[PDB]
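Only one chain is included here, represented as structure tokens and corresponding to the form deposited in one PDB entry.
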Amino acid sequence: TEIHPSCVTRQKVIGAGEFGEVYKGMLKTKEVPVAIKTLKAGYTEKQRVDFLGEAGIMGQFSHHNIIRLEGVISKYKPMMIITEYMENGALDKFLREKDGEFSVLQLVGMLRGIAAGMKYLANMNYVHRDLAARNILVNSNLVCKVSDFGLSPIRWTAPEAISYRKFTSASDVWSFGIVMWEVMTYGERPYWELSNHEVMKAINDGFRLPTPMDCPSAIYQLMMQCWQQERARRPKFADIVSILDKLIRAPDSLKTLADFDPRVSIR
């Protein structure tokens, strides 16, 4: 959809872009709130291709858990990508600002949503490469929409994508496992203070993130299987969506928690 510049008003700056700013604003069709990514004058050929390519793929995406493209401005400068505005913003910040305020069923439902959007992207043969809670937006219905703000990560990346740039939907499944851990922990930093290199050496040496507090056994088992070293052994996003859907629809299944590895405090 081509949007006319007269239908768009920018208000706030809310981020930075490839060669532009990200704004909040209002779109006419009263006025829907929207987010606006601009491509400022002097952008390169390559930048133009990535910008309008991004706009095109977003326009072909149509799924509940994928950021919805309101429209594009391509015939006027600056060029713009206009999406629905997501009131609660990015999931990582959102969960960190709302620590403990959600039920396990709400959290697992946020994970089903993300995994559904990811299954859709993998099925459309789109490799995300930067799946993290910082790239997931949350609307006022707690509905998670996969997005990409393109500031690209090691900690969320599969070992083969690190080691030799093999980015696939199986590498996105690894990232999704990290996202599961981010969610169930209310936005804790994966591996905490380990450096990037220490994170790579811990993974390749077989360490995996431990269980979040208050995490259903089935949810930890699932993220653990997203972190298989052998990429062919990881669940497909269809497997993930399926398991999450069955857990949610039979919610007692989430009452069995995985053990939490503590630290001492004694009577």
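Definition used throughout: the rigid core is the maximal C-alpha set that superposes within 1.5 Å between two forms. Numbers follow the displayed sequence, beginning with 1.
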- Query: Do at least a third of the other compared PDB entries leave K30 without coordinates?
  - Reply: yes
- Message: Using a one-third cut-off over the other compared PDB entries, is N88 one of the residues left without coordinates?
- Response: no
- Task: Note how many residues of the deposited chain are left out of the model between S103 and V104; the options are none, 1 to 3, 4 to 9, and 10 or more.
- Result: none
- Item | Interval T44-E45, deposited residues with no coordinates in the entry (none, 1 to 3, 4 to 9, 10 or more) | none
- Out of 239 to 247 and 18 to 26, which stretch has the higher average CA B-factor listed in the record? 18 to 26
- Item | Between 71 to 79 and 104 to 112 (mean CA B-factor, as deposited), the higher | 71 to 79
- Check the PDB entry and point out which of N123, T157, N196, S152 has the largest C-alpha temperature factor. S152
- Which one of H64, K40, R208, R231 shows the biggest C-alpha B-factor in the PDB entry? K40
- For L222, does the deposited CA B-factor place it in the lowest, middle or highest third of the chain? lowest
- Task: Could you tell me which third, lowest, middle or highest, the C-alpha B-factor of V32 occupies within its chain?
- Result: highest
- Lowest, middle or highest third of the chain for the C-alpha temperature factor of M200? lowest
- Query: Thinking about Cα B factors across the chain, which third does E97 belong to?
  - Reply: middle
- Item | Position of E182 among the chain's modelled residues by C-alpha B-factor, lowest, middle or highest third | lowest
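Just so it is clear, the following notes concern the form deposited in another entry, a form of the same protein that is not shown.
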- Task: Kindly check if the Cα atom of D245 is displaced 2 angstroms or more between the shown form and the other one relative to the superposed rigid core.
- Result: no
